[PDB]
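> no sequence for this one, just the structure:
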C-alpha cells in the first residue's frame, strides 16, 4: 500500500498537463490522432481522458524516499 | 383521449391584491361542479377577460385525439385535428410541486396542484384522486375557452 | 479485578489520529459525524412524513 492517497491532487494534474503540453509542443510522438487543433493544450484533455500518459510522477514522501505514480492509477473525475 | 382533468369555470374576483404589473392578472376563480379552486395568471393584453366571464377548462397531456405521446418539439407548419381548434387559449406547462399530503394520510381530501407556465403561476386544489397522473416533471397543456 | 479494570481506559483515541483520512475511507471528525447523523435521522423521518 501507500501512505498517500489514490485521488487527484490538483497540483499534480495541473503541472503535468503543463508538462504534456510541453511534450507535444516540442518534438514528441503523437499518440492520439490530432483531430484538428494542433495545440496540445486543447488535445491535453484528449491525452488524459484517453490515458496516453506513461508519465512517471515522483511523489516525494517526507524526506527522500518517494513514490512513482502513473496518472491513470488516480481517481481523475468531475 | 388524454383529458387529465376537465371542468367549467366562472370567476368571482379578479385581483384581490392591487394591480402591480403590466401584462398579467392574478386570477381567483372557483368551480361549481366540484369544489375545486383555481388561482391562475392570464395575459389580459392579448386575451381580455372580465369578472363575470365563464369559461370551460381542460388540462391535457397531449393535444392529439389519437392519444399518442409523440412530442419532440412543436413544429409550426404542421396541421392535423388537434384539441386546440375548438378553444381560444393555449399554454404549455409544467407541474413542479404537489402539497397537501404530509404523512401516511387516512383521508387525503385537500390536495393542491402547483403549475407555472414558463413564468405564469397557477394554483388549483381539490381531491386527491381526480387530480392524479400529476407526477413530478409532468408536462401538461392548459386549454381554455370562454363560455357564455 | 479484570472486570473492573476493563472499563477504565479511555473511549479510544480519535479516528483521524490512528487512521490517516487519505487512505482509509470515511475518516470523519467528531463534530461532523454528528452533523451527518443529525441530518440522516432528521430527513428520513421528514420525507416519509
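Good, I have the coordinates. Numbering: from 1, shown residues only, chains lettered A, B, ... in the order given.

> Please look at residue B:91 and residue B:119 and confirm they touch.
No. Look at residue B:91 against residue B:119 with CB atoms under 8 Å: they stay out of range, at 10.6 Å. All C-beta atoms are positioned from the backbone trio N, CA, C, and that covers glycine.

> By residue count, which strand of chain B is the longest?
strand B:3-13 (DSSP state E).

> If you count contacts, what does that strand end up packed against?
Judged by 3 or more CB pairs under 8 Å, 6 or more residues apart in numbering or on different chains; DSSP states H and E, strand B:3-13 is in contact with strand B:25-31, strand B:54-60.

> If we ignore the residues flanking it in sequence, what's nearest residue B:123?
residue B:39 (3.8 Å; CB to CB, 6 or more residues apart in numbering or on different chains).

> what comes up buried for whichever strand or helix holds the one you found?
Using DSSP states H and E, residue B:39 maps to strand B:37-42. Neighbour-count burial for strand B:37-42 flags B:38-42 (criterion: 16 or more other CB atoms under 10 Å in any protein chain shown).

> would you turn those residues into JSON lines with distance to residue B:49?
What follows is these, written out as JSON lines (distance: CB to CB, whole Å):
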{"residue": "B:38", "distance to residue B:49": "13"}
{"residue": "B:39", "distance to residue B:49": "14"}
{"residue": "B:40", "distance to residue B:49": "10"}
{"residue": "B:41", "distance to residue B:49": "11"}
{"residue": "B:42", "distance to residue B:49": "6"}
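
> Got phi/psi on residue A:10?
Dihedral pair for residue A:10: phi -50, psi -40, per degrees, to the nearest 10.

> who's more crowded, residue B:91 and residue B:119?
residue B:91 (19 against 7; other CB atoms under 10 Å in any protein chain shown).

> quick one, what contacts that one?
Shown in contact with residue B:91 (CB atoms under 8 Å, 6 or more residues apart in numbering or on different chains): B:117, B:120, B:141-143.

> just the strands in chain C please.
If you assign secondary structure with DSSP E, chain C ends up with no strands.

> List, one by one, the residues from it near chain A.
By CB under 8 Å from any CB of the partner chain, the part of chain C that sits against chain A consists of C:20, C:22-23.

> Just name the closest of these to residue B:61, please.
For the residues of chain C next to chain A, the closest approach to residue B:61 (CB to CB) belongs to residue C:22, at 51.8 Å.
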